[PDB]
There are 4 protein chains.
Amino acid sequence: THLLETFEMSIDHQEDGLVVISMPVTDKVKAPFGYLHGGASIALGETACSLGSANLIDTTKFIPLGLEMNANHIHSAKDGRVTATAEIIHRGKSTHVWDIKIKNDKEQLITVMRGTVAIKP
Amino acid sequence: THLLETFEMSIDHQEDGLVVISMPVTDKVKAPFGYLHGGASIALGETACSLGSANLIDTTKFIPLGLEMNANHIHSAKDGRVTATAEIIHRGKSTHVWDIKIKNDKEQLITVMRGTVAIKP
Amino acid sequence: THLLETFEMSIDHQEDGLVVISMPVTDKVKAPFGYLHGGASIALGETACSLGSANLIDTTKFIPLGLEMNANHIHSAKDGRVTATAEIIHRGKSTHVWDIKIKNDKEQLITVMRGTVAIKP
Amino acid sequence: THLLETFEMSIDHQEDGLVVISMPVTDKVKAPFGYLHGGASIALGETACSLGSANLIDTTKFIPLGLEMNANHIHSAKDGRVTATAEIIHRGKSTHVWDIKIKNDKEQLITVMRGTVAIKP
C-alpha cells in the first residue's frame with residue numbers, strides 16, 4: 001500500500017466510474033500551521049482516480065498512469081476525516097478524465113480537482 | 001514540521017524568489033506499483049512554493065495560502081532523492097504565481113507544476 | 001460586447017450560480033484543421049463564469065476578474081452550436097470557483113473547465 | 001487562417017522548441033470592460049504551442065491535438081500588441097508539454113500558461 005498505508009487511506013466505496021476514499025487528518029499529514037496539507041488532499045485525489053481508472057480497464061494488458069492533475073483549495077480541515085469522491089467525466093480509450101471533490105466532516109469542500117489519466121500498455 | 005517531517009523534506013537552498021527542497025524516495029511515499037507517488041511529488045511542490053511565498057512577506061502580518069495547483073507527471077522516480085525547484089513568476093500584492101520543476105537523480109523531469117498562492121492576513 | 005460579439009455568443013439561460021451561453025461554430029472560430037479552436041471554447045467558458053460572478057456581486061462596488069482557468073479538451077466540434085454550462089462550485093468573499101462544461105450538438109463533451117474568479121474593488 | 005486570421009496573429013519567430021507569435025489588441029478581442037479578453041490571450045497561447053508541436057513532428061503522418069491548457073491571468077492588456085512565447089518543456093513520443101508566457105507592450109506579464117499537446121495519427 002505504500003503511501004496509501006502511510007496516509008491510512010480506506011476505500012469506502014467503489015463502482016464503475018466512481019471511487020470514494022477517505023483518510024484521517026493527523027499531525028502526520030498536516031501543514032505546520034496546521035490544517036491538512038494541501039498536498040496530502042491532492043495525493044488522496046490522485047489515488048482515487050488512479051484506483052478508478054484501474055477498475056475500469058483491463059489490468060492484464062493495460063496500466064493507468066496519472067498524466068495531469070489540477071486542484072483548487074477551498075476550506076481547511078484540522079481534524080476528523082476527509083473524503084474524496086472521484087467521478088469519471090470522460091472514459092476515453094487512451095485517456096480518462098476524472099472529477100474529484102474532497103470534503104471534510106462538515107461536508108465543506110476542502111479541495112476540488114480534475115485529473116487526467118493516460119491508459120498505457 | 002508534520003507532513004514536512006513525514007516526507008523527510010529538507011531545504012537545499014532559499015533566496016528571494018527561489019526555493020529548492022528535496023526528499024528521499026522511500027516505500028513510505030511510493031504508489032503501490034513501486035515508483036514515487038505523483039501526489040507526494042505534488043506535495044513537495046506545494047511545500048516549496050508555500051515556503052517561497054512565506055519568505056517574501058511579513059509573516060507577522062500575512063500568511064501564504066495555496067489557492068490553485070496544477071501538475072504534469074513526466075518521468076518516474078524509483079529511488080534516490082527528488083528535488084523541487086520553485087521559482088517565482090509573479091510576485092503580486094495579493095497572489096504569488098510560482099513555477100515548480102521536480103527532478104529525479106538523473107536530472108529527469110518527474111513533475112512540472114504551477115502554483116497560485118494567496119496572500120492572506 | 002466585443003469578443004462576445006465577434007464570437008456571436010448568446011445567453012441561453014441565466015440564474016444565480018448558473019450560466020448557459022452558446023455560440024455558433026463558424027470558420028471565424030475554427031483552427032486551421034477542420035474543427036472549433038480549443039481557445040475559442042475556453043473563451044466561451046471564461047465569459048460564462050465572468051457573467052456568473054458578476055450576477056452574484058454588487059456590480060456598483062466590486063468587479064469580477066478572471067484569475068486562473070484550466071481546461072480539458074475532450075471531443076471536437078465541427079459545426080452547429082456549442083453550449084457552455086457554468087455552475088458555481090464555491091462562492092467565497094474574495095474568490096468564486098466555477099465548473100464549466102461545454103457540449104456540442106450531439107451531446108458530446110467538447111471541453112471541461114474550472115475557472116477561478118477574483119472579486120476585487 | 002480561421003481564428004488565427006480573425007485575431008490577426010503573426011508568427012514572429014520559429015525554431016525547434018520555440019514559437020513567438022503576436023497579435024493586436026483590438027475591440028474585436030476585448031472583454032466588454034474592456035481590456036484584452038482572457039480567453040483571447042489563452043487562444044493565442046494554445047495556437048503557439050500547437051504550431052510548435054507541429055514543427056516538431058512529421059505532419060504528413062501526425063497532427064498536434066491540444067489536450068489540457070491552464071492559465072494564470074496577471075496583468076491586463078489595453079492596446080498595442082501582445083506577444084506569446086512558447087518554449088517546450090518536455091517533448092515526449094506522444095505528448096508535448098509547453099510553457100507559454102504572454103506579455104504586453106510595457107513588458108508586463110499578461111498571461112502565463114502550460115499546455116499539454118497530444119500527438120495523434
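Caption draft 1: Spatial organisation of the sheet that holds strand β1 (residues 10-15) of chain A. Within the open sheet, the 12 strands sit side by side as β1(A)-β2(A)-β4(A)-β5(A)-β6(A)-β3(A)-β3(B)-β6(B)-β5(B)-β4(B)-β2(B)-β1(B). Their pairing is antiparallel. Looking at the sheet topology across the chains shown, the edges are occupied by β1 of chain A together with β1 (10-15) of chain B. Each adjacent strand pair in this sheet contributes to an overall mean axis angle of 20 degrees, direction not counted. For strand β4 (residues 81-91) of chain A and strand β5 (residues 95-103) of chain A, the ladder comprises eight bridges, and the chain directions are antiparallel.

Caption draft 2: Here's a closer look at helix α2 (residues 38-56) of chain C. For α2 of chain C, built from 19 residues, the straight-helix expectation of 27 Å at 1.5 Å per residue is met to within 8% by its first-to-last C-alpha distance of 27 Å. Counting buried positions along α2 of chain C gives 15 out of 19 residues, so the element sits mostly inside the fold.

Caption draft 3: Spotlight on the interface of chain C and chain D. Between chain C and chain D, the contact holds 30 residues from the first and 29 residues from the second. At the boundary of chain C with chain D, total buried surface from both sides reaches about 2,300 Å², with 59% on carbon and sulfur atoms. Remark: the boundary between chain C and chain D carries zero salt bridges. Remark: the boundary between chain C and chain D carries 16 residue pairs in polar contact. Counting only elements with at least two residues in the side of chain C that touches chain D, the list comes to α1 (3-6), α2 and β3 (63-73) of chain C. Among the elements that line the side of chain C that touches chain D, the one with the most residues is β3 of chain C, at nine residues. For the side of chain C that touches chain D, the residue count by class is 14 nonpolar, 11 polar and five charged. As paired strands, β3 of chain C and strand β3 (residues 63-73) of chain D are joined by five bridges and run antiparallel to one another. The residue bridging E68 of chain C from the neighbouring strand is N72 of chain D, located in β3 of chain D.

Caption draft 4: Region of interest: the environment of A118 of chain B. All names here are of chain B. Residue placement: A118 occurs in strand β6 (residues 109-120). Remark: the alpha-carbon pair of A118 and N55, spanning 63 residues in sequence, is separated by 14 Å. The residues contacting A118, other than those within four sequence positions of it, are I63, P64, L65, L67 and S94.

Caption draft 5: Here's a closer look at the interface of chain D and chain A. Taken together, the eight residues of chain D in the interface contact six residues of chain A. Here chain D packs against chain A, burying approximately 470 Å² in sum over the two surfaces, 48% of which is carbon and sulfur. Interface area lost by chain D to chain A is led by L67, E68 and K93 of chain D, which between them contribute 61%. Joining chain D to chain A, the criterion identifies two salt bridges. Of the charged contacts, one joins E68 of chain A and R114 of chain D as a salt bridge, the two residues approaching to 3.9 Å between their closest N and O atoms. Viewed at the interface, chain A and chain D are joined by two residue pairs in polar contact.

Definitions and cut-offs
Residues numbered from 1 in each chain as written, not as in the entry; some residues may be left out. Chains lettered and ligands numbered in written order. Heavy atoms only, no water. Pairing = 2+ DSSP bridges. Helix = DSSP H or I, 4+ residues; strand = E, 2+ residues; numbered from the N terminus. Axes fitted to C-alpha atoms, helices over the stretch in contact; angles between N-to-C directions. Expected span 1.5 Å × (residues − 1). Buried < 20%, exposed > 50% of the residue type's maximum accessible area, 1.4 Å probe, protein only. Contact = heavy atoms within 4.5 Å. Buried area = accessible area lost by both parts, 1.4 Å probe. Salt bridge = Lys/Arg side-chain N within 4 Å of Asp/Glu carboxyl O. Polar contact = N/O pair within 3.5 Å; in protein donor to acceptor, adjacent residues only side chain to side chain. Nonpolar A, V, L, I, M, F, W, Y, C, P; charged D, E, K, R; others polar.

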